[PDB]
Amino acid sequence: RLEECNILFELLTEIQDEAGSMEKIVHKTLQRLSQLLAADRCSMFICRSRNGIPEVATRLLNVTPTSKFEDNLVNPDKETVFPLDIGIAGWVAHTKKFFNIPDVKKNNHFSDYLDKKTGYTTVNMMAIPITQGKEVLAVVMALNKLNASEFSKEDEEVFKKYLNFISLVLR
Amino acid sequence: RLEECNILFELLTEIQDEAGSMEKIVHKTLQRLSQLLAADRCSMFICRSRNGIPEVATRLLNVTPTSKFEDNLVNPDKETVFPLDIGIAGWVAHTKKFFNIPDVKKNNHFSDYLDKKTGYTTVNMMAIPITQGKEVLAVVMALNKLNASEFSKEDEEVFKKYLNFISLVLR
Amino acid sequence: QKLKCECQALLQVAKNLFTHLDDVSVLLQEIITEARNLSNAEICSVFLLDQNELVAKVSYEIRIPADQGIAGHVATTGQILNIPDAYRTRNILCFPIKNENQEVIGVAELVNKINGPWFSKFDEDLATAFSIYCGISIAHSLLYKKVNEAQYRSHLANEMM
Amino acid sequence: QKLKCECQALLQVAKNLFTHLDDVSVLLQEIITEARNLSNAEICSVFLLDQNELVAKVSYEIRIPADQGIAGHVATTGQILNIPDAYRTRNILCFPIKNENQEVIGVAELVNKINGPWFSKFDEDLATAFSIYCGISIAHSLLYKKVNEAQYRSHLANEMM
């Protein structure tokens with residue numbers, strides 16, 4: 001297929017030294033997500049542990065097929081933070097089954113407060129678990145399809161195609 | 001929309017300096033094509049003039065949403081070269097009308113020899129004119145959609161969204 | 001993304017400071033300029049250790065023993081050491097000048113960040129990488145001036161024969 | 001992609017050659033190594049002009065007047081000048097060593113490209129940018145050596161008084 005291969009390659013070229021790598025790598029991967037998924041935009045939350053409970057605090061936000069990582073650096077005091085019982089972010093944190101979510105409005109558990117924090121308008125979503133140690137560390141979502149209401153199956157294949165890589169990076 | 005804006009920005013963050021710029025910018029723009037269009041791959045032909053007749057000699061070839069310029073750098077002696085009467089490459093060179101081509105098998109004039117030169121299997125295509133001076137200098141195509149047989153209309157919008165920029169670069 | 005640009009900042013500091021070996025004073029001009037331009041610190045001071053005491057022009061001299069002080073504690077240690085709350089000073093990036101080694105040739109300290117009111121851990125190691133080029137420029141330009149003054153004064157002693 | 005490396009190779013030649021000012025011979029070792037690595041040329045030779053004659057160690061010396069020769073013609077001009085068909089020599093990138101200026105301090109010539117049997121127009125300007133770092137390293141390390149030998153022999157004359 002080669003796409004994912006030299007896309008993640010060229011993506012690793014795009015990275016340069018600063019502080020400062022893997023998070024922006026996941027950023028660029030969100031870019032590739034909103035590209036091959038033809039999404040208007042994307043986002044990711046860290047699920048960093050505390051009190052023995054991982055918390056799906058927002059990190060990357062309003063990520064487009066771009067949106068600069070500098071733009072997405074929300075203050076941890078100001079970041080939206082999801083406990084395991086709130087949102088499909090914390091629900092994937094709570095279940096870790098792969099989840100096509102054709103309509104969050106119907107395939108619920110979703111927290112639409114993300115629309116508040118991002119200013120984005122949620123319609124549908126998908127997710128796969130991402131973990132380090134015993135801890136969970138990430139949740140990822142595509143946002144607003146550009147050309148049509150919904151994905152066909154090979155786009156879901158793309159969704160695994162780069163969320164598996166996001167799974168690979170934050171570890 | 002922000003996509004193409006910071007996509008071209010970050011695309012320019014991809015690069016140092018070599019020889020070795022604008023054609024490769026069109027290359028990475030082909031990457032952005034095969035990404036946001038969710039194409040398997042892409043290609044571009046220079047339409048460089050000679051004998052008063054521009055010729056749509058192949059340049060970038062087997063461009064994926066990736067593929068290095070060296071991977072695509074065919075020898076000019078060995079490059080496939082289209083006169084205005086052969087292929088929709090030379091036909092867009094001959095007409096310059098914007099062309100949705102839902103099936104090259106039916107929306108013909110297309111030269112399927114490109115399948116020979118690239119090893120790719122053509123099914124459908126789209127194109128817009130690209131000119132330097134009085135001369136025409138480029139032709140661009142997306143190749144094999146991943147999730148479905150065909151684009152919905154806003155993908156055609158993305159197609160204009162980056163072929164317009166491809167027009168912008170080689171000038 | 002933005003990542004390349006701060007590496008090319010190292011490109012700039014390289015192509016600059018390696019061309020300014022002819023005089024350490026002009027070298028200080030270019031360094032203070034580039035540093036006030038890029039470090040985002042409103043001010044800074046650059047100590048230079050000598051056995052058990054730091055030396056700094058910030059051209060009135062400023063001095064502080066390696067045992068005394070917090071920056072002097074850095075002279076004792078060479079630890080990069082952020083001070084997000086300084087006590088319009090409000091933070092200090094206190095890191096060694098260094099050069100060939102982690103050994104304390106001196107102790108720089110930046111003050112008052114632009115973009116993010118606190119110094120970050122990002123506002124540490126990058127300053128150290130900047131201090132690679134600066135440290136080489138200092139050790140080798142001083143290596144140049146010492147040979148100049150000394151070996152020149154030698155032929156000044158050559159006088160009688 | 002691939003398009004972002006060769007400049008950082010200039011970062012490599014910078015961080016190298018600017019740290020090897022202590023001796024010209026080691027500088028030649030690092031230069032011949034880095035050049036046979038990056039230029040893809042099987043061989044090379046580097047002339048150095050002196051008024052009307054070029055000088056080269058390629059440590060037996062090699063000499064050619066600025067008026068005579070094709071490379072000498074480059075010494076007369078300083079034109080970067082590819083020779084895709086040399087006549088296992090098969091091509092020569094004949095470009096000036098240069099340094100501070102387009103003035104001909106010398107005349108390099110690369111031979112036998114890897115990747116594409118001919119030297120490209122790409123196999124020209126990159127050699128010049130490489131010759132920025134190499135040219136500064138030459139002019140300034142030799143600037144260091146002349147000061148060394150001369151000012152040292154001065155104190156050798158200081159001996160009686």
# chains A, B, ... in the order shown; residues from 1 in each chain; ligands from 1
$ calpha_fit_and_write --fixed "chain C" --moving "chain D" --output "PDB file with C-alpha atoms, in the first residue's frame"
ATOM      1  CA  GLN D   1       5.929  22.929  10.917  1.00  0.00           C
ATOM      2  CA  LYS D   2       6.917  25.333  13.695  1.00  0.00           C
ATOM      3  CA  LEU D   3       8.897  22.395  14.954  1.00  0.00           C
ATOM      4  CA  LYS D   4      11.694  22.951  12.450  1.00  0.00           C
ATOM      5  CA  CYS D   5      13.341  26.369  12.953  1.00  0.00           C
ATOM      6  CA  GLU D   6      15.144  26.647  16.277  1.00  0.00           C
ATOM      7  CA  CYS D   7      17.978  24.366  15.169  1.00  0.00           C
ATOM      8  CA  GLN D   8      18.546  26.559  12.116  1.00  0.00           C
ATOM      9  CA  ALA D   9      18.636  29.426  14.579  1.00  0.00           C
ATOM     10  CA  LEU D  10      21.605  27.501  15.961  1.00  0.00           C
ATOM     11  CA  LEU D  11      22.850  27.578  12.377  1.00  0.00           C
ATOM     12  CA  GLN D  12      22.478  31.343  12.611  1.00  0.00           C
ATOM     13  CA  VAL D  13      24.366  31.640  15.880  1.00  0.00           C
ATOM     14  CA  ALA D  14      27.008  29.335  14.403  1.00  0.00           C
ATOM     15  CA  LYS D  15      27.498  31.213  11.138  1.00  0.00           C
ATOM     16  CA  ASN D  16      27.632  34.346  13.246  1.00  0.00           C
ATOM     17  CA  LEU D  17      29.774  33.581  16.282  1.00  0.00           C
ATOM     18  CA  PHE D  18      32.231  31.364  14.410  1.00  0.00           C
ATOM     19  CA  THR D  19      32.885  34.302  12.078  1.00  0.00           C
ATOM     20  CA  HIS D  20      33.428  36.800  14.912  1.00  0.00           C
ATOM     21  CA  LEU D  21      36.553  35.285  16.487  1.00  0.00           C
ATOM     22  CA  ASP D  22      38.542  38.435  15.684  1.00  0.00           C
ATOM     23  CA  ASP D  23      37.240  40.246  18.782  1.00  0.00           C
ATOM     24  CA  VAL D  24      35.458  39.222  21.978  1.00  0.00           C
ATOM     25  CA  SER D  25      33.542  42.507  22.318  1.00  0.00           C
ATOM     26  CA  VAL D  26      31.756  42.148  18.989  1.00  0.00           C
ATOM     27  CA  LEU D  27      31.171  38.546  19.976  1.00  0.00           C
ATOM     28  CA  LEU D  28      29.383  39.859  23.063  1.00  0.00           C
ATOM     29  CA  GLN D  29      27.349  42.227  20.911  1.00  0.00           C
ATOM     30  CA  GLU D  30      26.167  39.450  18.611  1.00  0.00           C
ATOM     31  CA  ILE D  31      25.552  37.155  21.575  1.00  0.00           C
ATOM     32  CA  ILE D  32      23.565  39.663  23.631  1.00  0.00           C
ATOM     33  CA  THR D  33      21.555  40.559  20.528  1.00  0.00           C
ATOM     34  CA  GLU D  34      20.857  37.005  19.376  1.00  0.00           C
ATOM     35  CA  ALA D  35      20.067  35.946  22.948  1.00  0.00           C
ATOM     36  CA  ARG D  36      17.696  38.791  23.757  1.00  0.00           C
ATOM     37  CA  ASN D  37      16.077  37.949  20.415  1.00  0.00           C
ATOM     38  CA  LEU D  38      15.740  34.174  20.842  1.00  0.00           C
ATOM     39  CA  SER D  39      15.582  33.487  24.599  1.00  0.00           C
ATOM     40  CA  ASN D  40      12.589  35.819  24.954  1.00  0.00           C
ATOM     41  CA  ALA D  41      14.177  36.814  28.262  1.00  0.00           C
ATOM     42  CA  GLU D  42      13.871  40.529  28.996  1.00  0.00           C
ATOM     43  CA  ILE D  43      17.397  40.408  30.440  1.00  0.00           C
ATOM     44  CA  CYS D  44      20.291  38.044  31.187  1.00  0.00           C
ATOM     45  CA  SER D  45      23.678  37.823  32.880  1.00  0.00           C
ATOM     46  CA  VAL D  46      26.598  35.523  32.090  1.00  0.00           C
ATOM     47  CA  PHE D  47      28.996  34.479  34.854  1.00  0.00           C
ATOM     48  CA  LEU D  48      32.412  32.944  34.118  1.00  0.00           C
ATOM     49  CA  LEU D  49      34.057  30.747  36.758  1.00  0.00           C
ATOM     50  CA  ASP D  50      37.702  31.135  37.757  1.00  0.00           C
ATOM     51  CA  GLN D  51      38.724  28.350  40.155  1.00  0.00           C
ATOM     52  CA  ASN D  52      36.284  29.349  42.895  1.00  0.00           C
ATOM     53  CA  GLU D  53      34.725  32.564  41.582  1.00  0.00           C
ATOM     54  CA  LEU D  54      32.414  33.529  38.703  1.00  0.00           C
ATOM     55  CA  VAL D  55      33.092  36.511  36.402  1.00  0.00           C
ATOM     56  CA  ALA D  56      30.626  38.639  34.420  1.00  0.00           C
ATOM     57  CA  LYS D  57      30.437  41.935  32.540  1.00  0.00           C
ATOM     58  CA  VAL D  58      26.682  41.861  33.141  1.00  0.00           C
ATOM     59  CA  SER D  59      31.141  47.017  30.769  1.00  0.00           C
ATOM     60  CA  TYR D  60      31.308  46.952  34.568  1.00  0.00           C
ATOM     61  CA  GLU D  61      32.294  43.578  36.008  1.00  0.00           C
ATOM     62  CA  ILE D  62      30.156  41.405  38.294  1.00  0.00           C
ATOM     63  CA  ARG D  63      31.649  38.737  40.560  1.00  0.00           C
ATOM     64  CA  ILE D  64      30.396  35.862  42.728  1.00  0.00           C
ATOM     65  CA  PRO D  65      32.305  32.971  44.421  1.00  0.00           C
ATOM     66  CA  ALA D  66      31.528  29.384  43.396  1.00  0.00           C
ATOM     67  CA  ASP D  67      30.556  28.384  46.935  1.00  0.00           C
ATOM     68  CA  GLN D  68      28.275  31.363  47.651  1.00  0.00           C
ATOM     69  CA  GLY D  69      24.938  32.022  45.932  1.00  0.00           C
ATOM     70  CA  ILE D  70      22.330  30.042  44.007  1.00  0.00           C
ATOM     71  CA  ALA D  71      23.932  30.778  40.643  1.00  0.00           C
ATOM     72  CA  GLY D  72      27.136  30.145  42.529  1.00  0.00           C
ATOM     73  CA  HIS D  73      25.632  26.828  43.559  1.00  0.00           C
ATOM     74  CA  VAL D  74      25.233  26.175  39.855  1.00  0.00           C
ATOM     75  CA  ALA D  75      28.922  27.039  39.524  1.00  0.00           C
ATOM     76  CA  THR D  76      29.519  24.405  42.190  1.00  0.00           C
ATOM     77  CA  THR D  77      27.368  21.976  40.219  1.00  0.00           C
ATOM     78  CA  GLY D  78      26.760  22.961  36.606  1.00  0.00           C
ATOM     79  CA  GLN D  79      23.158  21.845  36.972  1.00  0.00           C
ATOM     80  CA  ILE D  80      20.748  23.437  34.542  1.00  0.00           C
ATOM     81  CA  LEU D  81      18.276  25.003  36.944  1.00  0.00           C
ATOM     82  CA  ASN D  82      14.992  26.728  36.156  1.00  0.00           C
ATOM     83  CA  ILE D  83      13.454  29.134  38.669  1.00  0.00           C
ATOM     84  CA  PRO D  84       9.832  29.608  37.481  1.00  0.00           C
ATOM     85  CA  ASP D  85       9.147  31.867  40.464  1.00  0.00           C
ATOM     86  CA  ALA D  86      12.083  34.243  40.860  1.00  0.00           C
ATOM     87  CA  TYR D  87      11.230  35.459  44.348  1.00  0.00           C
ATOM     88  CA  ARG D  88      10.069  42.894  36.400  1.00  0.00           C
ATOM     89  CA  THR D  89      11.960  39.723  37.283  1.00  0.00           C
ATOM     90  CA  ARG D  90       9.662  36.717  37.690  1.00  0.00           C
ATOM     91  CA  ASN D  91      11.807  33.794  36.576  1.00  0.00           C
ATOM     92  CA  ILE D  92      15.435  32.816  36.030  1.00  0.00           C
ATOM     93  CA  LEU D  93      16.935  30.171  33.784  1.00  0.00           C
ATOM     94  CA  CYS D  94      20.173  29.548  35.640  1.00  0.00           C
ATOM     95  CA  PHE D  95      22.315  27.195  33.555  1.00  0.00           C
ATOM     96  CA  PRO D  96      26.106  26.876  33.179  1.00  0.00           C
ATOM     97  CA  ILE D  97      27.865  28.627  30.285  1.00  0.00           C
ATOM     98  CA  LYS D  98      29.810  25.389  29.729  1.00  0.00           C
ATOM     99  CA  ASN D  99      31.867  24.658  26.592  1.00  0.00           C
ATOM    100  CA  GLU D 100      33.930  21.543  25.852  1.00  0.00           C
ATOM    101  CA  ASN D 101      32.430  19.882  28.936  1.00  0.00           C
ATOM    102  CA  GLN D 102      29.833  19.868  31.719  1.00  0.00           C
ATOM    103  CA  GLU D 103      32.572  21.471  33.821  1.00  0.00           C
ATOM    104  CA  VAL D 104      31.544  24.956  34.920  1.00  0.00           C
ATOM    105  CA  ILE D 105      33.439  27.483  32.827  1.00  0.00           C
ATOM    106  CA  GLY D 106      30.664  29.871  33.864  1.00  0.00           C
ATOM    107  CA  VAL D 107      27.017  30.389  34.816  1.00  0.00           C
ATOM    108  CA  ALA D 108      24.436  32.087  32.572  1.00  0.00           C
ATOM    109  CA  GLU D 109      21.046  33.209  33.855  1.00  0.00           C
ATOM    110  CA  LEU D 110      18.130  34.284  31.636  1.00  0.00           C
ATOM    111  CA  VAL D 111      15.307  36.474  32.999  1.00  0.00           C
ATOM    112  CA  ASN D 112      11.648  37.108  32.020  1.00  0.00           C
ATOM    113  CA  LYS D 113      10.299  34.832  29.274  1.00  0.00           C
ATOM    114  CA  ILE D 114       8.082  35.942  26.396  1.00  0.00           C
ATOM    115  CA  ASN D 115       5.369  33.408  25.459  1.00  0.00           C
ATOM    116  CA  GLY D 116       4.395  31.686  28.689  1.00  0.00           C
ATOM    117  CA  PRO D 117       5.289  33.775  31.755  1.00  0.00           C
ATOM    118  CA  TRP D 118       7.314  30.906  33.223  1.00  0.00           C
ATOM    119  CA  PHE D 119      10.459  29.391  31.791  1.00  0.00           C
ATOM    120  CA  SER D 120       9.626  25.887  30.575  1.00  0.00           C
ATOM    121  CA  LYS D 121      11.720  22.728  30.614  1.00  0.00           C
ATOM    122  CA  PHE D 122      11.835  23.677  26.942  1.00  0.00           C
ATOM    123  CA  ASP D 123      13.431  26.872  28.224  1.00  0.00           C
ATOM    124  CA  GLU D 124      16.445  24.872  29.411  1.00  0.00           C
ATOM    125  CA  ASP D 125      17.986  22.356  27.018  1.00  0.00           C
ATOM    126  CA  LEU D 126      17.638  24.727  24.065  1.00  0.00           C
ATOM    127  CA  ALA D 127      19.661  27.274  26.012  1.00  0.00           C
ATOM    128  CA  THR D 128      22.248  24.546  26.518  1.00  0.00           C
ATOM    129  CA  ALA D 129      22.401  23.756  22.795  1.00  0.00           C
ATOM    130  CA  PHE D 130      22.722  27.486  22.183  1.00  0.00           C
ATOM    131  CA  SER D 131      25.475  27.355  24.788  1.00  0.00           C
ATOM    132  CA  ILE D 132      27.239  24.723  22.726  1.00  0.00           C
ATOM    133  CA  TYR D 133      27.861  27.220  19.958  1.00  0.00           C
ATOM    134  CA  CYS D 134      28.314  30.057  22.418  1.00  0.00           C
ATOM    135  CA  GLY D 135      30.577  27.972  24.640  1.00  0.00           C
ATOM    136  CA  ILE D 136      32.805  26.882  21.786  1.00  0.00           C
ATOM    137  CA  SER D 137      32.850  30.453  20.535  1.00  0.00           C
ATOM    138  CA  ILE D 138      33.908  31.643  23.974  1.00  0.00           C
ATOM    139  CA  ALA D 139      36.552  29.033  24.696  1.00  0.00           C
ATOM    140  CA  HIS D 140      38.072  29.244  21.235  1.00  0.00           C
ATOM    141  CA  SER D 141      37.810  32.987  20.596  1.00  0.00           C
ATOM    142  CA  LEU D 142      39.356  33.536  24.010  1.00  0.00           C
ATOM    143  CA  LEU D 143      41.830  30.859  22.960  1.00  0.00           C
ATOM    144  CA  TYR D 144      42.535  33.128  20.008  1.00  0.00           C
ATOM    145  CA  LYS D 145      42.817  36.241  22.171  1.00  0.00           C
ATOM    146  CA  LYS D 146      45.200  34.705  24.700  1.00  0.00           C
ATOM    147  CA  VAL D 147      47.467  33.625  21.866  1.00  0.00           C
ATOM    148  CA  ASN D 148      47.186  37.133  20.457  1.00  0.00           C
ATOM    149  CA  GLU D 149      48.041  39.120  23.576  1.00  0.00           C
ATOM    150  CA  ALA D 150      50.637  36.718  24.923  1.00  0.00           C
ATOM    151  CA  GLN D 151      52.505  35.851  21.747  1.00  0.00           C
ATOM    152  CA  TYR D 152      52.363  39.531  20.708  1.00  0.00           C
ATOM    153  CA  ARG D 153      53.761  40.790  23.997  1.00  0.00           C
ATOM    154  CA  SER D 154      56.427  38.164  23.431  1.00  0.00           C
ATOM    155  CA  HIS D 155      57.673  39.945  20.323  1.00  0.00           C
ATOM    156  CA  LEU D 156      57.299  43.122  22.343  1.00  0.00           C
ATOM    157  CA  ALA D 157      59.962  41.527  24.540  1.00  0.00           C
ATOM    158  CA  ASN D 158      61.776  40.592  21.332  1.00  0.00           C
ATOM    159  CA  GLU D 159      62.369  44.301  20.764  1.00  0.00           C
ATOM    160  CA  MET D 160      65.920  44.545  22.105  1.00  0.00           C
ATOM    161  CA  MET D 161      66.974  41.405  20.217  1.00  0.00           C
TER     162      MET D 161
END
$ select_by_dssp --residues "stretch 73-150 of chain B" --states "strand (DSSP E or B)" --output "NGL selection string"
:B and (81-82 or 99-101 or 125-127 or 130-132 or 135-145)
$ interface_residues --of "chain B" --to "chain D" --cutoff "6 Å" --atoms "only C-alpha atoms" --output "short mmCIF file (atom, residue, chain, number, x, y, z; two decimals) with C-alpha atoms, in the first residue's frame"
data_model
loop_
_atom_site.label_atom_id
_atom_site.label_comp_id
_atom_site.auth_asym_id
_atom_site.auth_seq_id
_atom_site.Cartn_x
_atom_site.Cartn_y
_atom_site.Cartn_z
CA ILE B 15 12.10 21.08 3.51
CA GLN B 16 15.67 22.36 3.85
CA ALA B 19 18.33 21.82 -6.13
#
$ residues_around --residues "residue B:122" --least-positions-apart "5" --cutoff "8 Å" --atoms "only C-alpha atoms" --output "list in words"
residues 104, 112, 114, 115, 143 and 144 of chain B
$ interface_residues --of "chain A" --to "chain B" --cutoff "6 Å" --atoms "only C-alpha atoms" --output "ChimeraX atom specification"
/A:3,6-7,14,35-36,38,64-66,147,152,154-155
$ atom_distance --atom1 "atom CA of residue A:96" --atom2 "atom CA of residue A:126"
11.8 Å
$ atom_distance --atom1 "atom CA of residue A:87" --atom2 "atom CA of residue A:45"
11.5 Å
$ atom_distance --atom1 "atom CA of residue A:128" --atom2 "atom CA of residue A:98"
4.8 Å
$ residues_around --residues "stretch 49-54 of chain A" --least-positions-apart "2" --cutoff "7 Å" --atoms "only C-alpha atoms" --output "PyMOL selection string"
chain A and resi 47+56+135-136
$ write_last_selection --atoms "N, CA, C and O atoms" --output "PDB file, in the first residue's frame"
ATOM      1  N   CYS A  47      -4.547  10.548  28.516  1.00  0.00           N
ATOM      2  CA  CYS A  47      -5.383   9.881  29.504  1.00  0.00           C
ATOM      3  C   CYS A  47      -4.567   9.644  30.771  1.00  0.00           C
ATOM      4  O   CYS A  47      -4.660   8.591  31.396  1.00  0.00           O
ATOM      5  N   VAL A  56      -8.753  11.470  31.078  1.00  0.00           N
ATOM      6  CA  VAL A  56      -8.639  11.746  29.658  1.00  0.00           C
ATOM      7  C   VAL A  56      -8.653  13.260  29.440  1.00  0.00           C
ATOM      8  O   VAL A  56      -9.526  13.807  28.760  1.00  0.00           O
ATOM      9  N   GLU A 135      -0.999   2.140  32.888  1.00  0.00           N
ATOM     10  CA  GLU A 135      -1.734   3.377  32.646  1.00  0.00           C
ATOM     11  C   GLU A 135      -2.267   3.483  31.218  1.00  0.00           C
ATOM     12  O   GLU A 135      -1.676   2.944  30.287  1.00  0.00           O
ATOM     13  N   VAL A 136      -3.401   4.159  31.054  1.00  0.00           N
ATOM     14  CA  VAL A 136      -3.867   4.561  29.731  1.00  0.00           C
ATOM     15  C   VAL A 136      -3.278   5.945  29.457  1.00  0.00           C
ATOM     16  O   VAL A 136      -3.114   6.724  30.392  1.00  0.00           O
TER      17      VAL A 136
END
$ select_by_dssp --residues "stretch 27-155 of chain D" --states "helix (DSSP H, G or I)" --output "NGL selection string"
:D and (27-38 or 70-77 or 122-155)
$ write_last_selection --atoms "C-alpha atoms" --output "compact mmCIF listing (two decimals), in the first residue's frame"
# COMPACT_ATOMS: atom_id res chain seq x y z
CA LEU D 27 41.30 19.42 8.68
CA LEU D 28 42.31 17.79 5.40
CA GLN D 29 41.52 14.37 6.82
CA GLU D 30 38.01 15.38 7.86
CA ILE D 31 37.49 17.23 4.59
CA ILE D 32 38.66 14.40 2.33
CA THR D 33 36.55 11.97 4.35
CA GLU D 34 33.39 14.06 4.46
CA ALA D 35 33.78 14.95 0.78
CA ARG D 36 34.37 11.43 -0.48
CA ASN D 37 31.33 10.52 1.62
CA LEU D 38 28.95 13.27 0.46
CA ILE D 70 40.82 24.26 -17.86
CA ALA D 71 40.84 24.15 -14.06
CA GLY D 72 43.35 26.94 -14.44
CA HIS D 73 40.77 28.70 -16.57
CA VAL D 74 38.48 28.36 -13.58
CA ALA D 75 41.26 29.95 -11.53
CA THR D 76 41.18 32.76 -14.08
CA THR D 77 37.41 32.96 -13.68
CA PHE D 122 22.57 19.83 -8.42
CA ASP D 123 26.15 18.59 -8.32
CA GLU D 124 27.38 22.19 -8.39
CA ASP D 125 25.77 24.69 -6.03
CA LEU D 126 25.72 22.19 -3.17
CA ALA D 127 29.47 21.82 -3.58
CA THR D 128 29.67 25.60 -3.36
CA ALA D 129 27.65 25.70 -0.14
CA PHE D 130 29.91 22.95 1.17
CA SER D 131 32.76 25.19 0.05
CA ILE D 132 31.36 27.97 2.19
CA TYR D 133 32.10 26.01 5.33
CA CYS D 134 35.24 24.52 3.84
CA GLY D 135 36.38 27.88 2.50
CA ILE D 136 35.90 29.65 5.81
CA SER D 137 37.60 26.74 7.54
CA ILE D 138 40.53 27.05 5.17
CA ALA D 139 40.94 30.81 5.24
CA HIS D 140 40.54 31.04 8.99
CA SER D 141 42.42 27.91 10.08
CA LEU D 142 45.26 29.01 7.83
CA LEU D 143 44.74 32.43 9.38
CA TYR D 144 45.31 30.66 12.68
CA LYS D 145 48.38 28.80 11.42
CA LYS D 146 50.08 31.87 9.96
CA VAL D 147 49.64 33.66 13.27
CA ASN D 148 51.02 30.58 14.99
CA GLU D 149 54.18 30.09 12.94
CA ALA D 150 54.96 33.76 12.47
CA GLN D 151 54.23 35.08 15.95
CA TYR D 152 55.97 32.02 17.43
CA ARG D 153 59.11 32.45 15.34
CA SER D 154 58.96 36.03 16.56
CA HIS D 155 59.51 34.95 20.15
$ closest_residue --among "B:171, B:105, B:59, B:24" --to "residue B:133" --atoms "only C-alpha atoms"
B:171
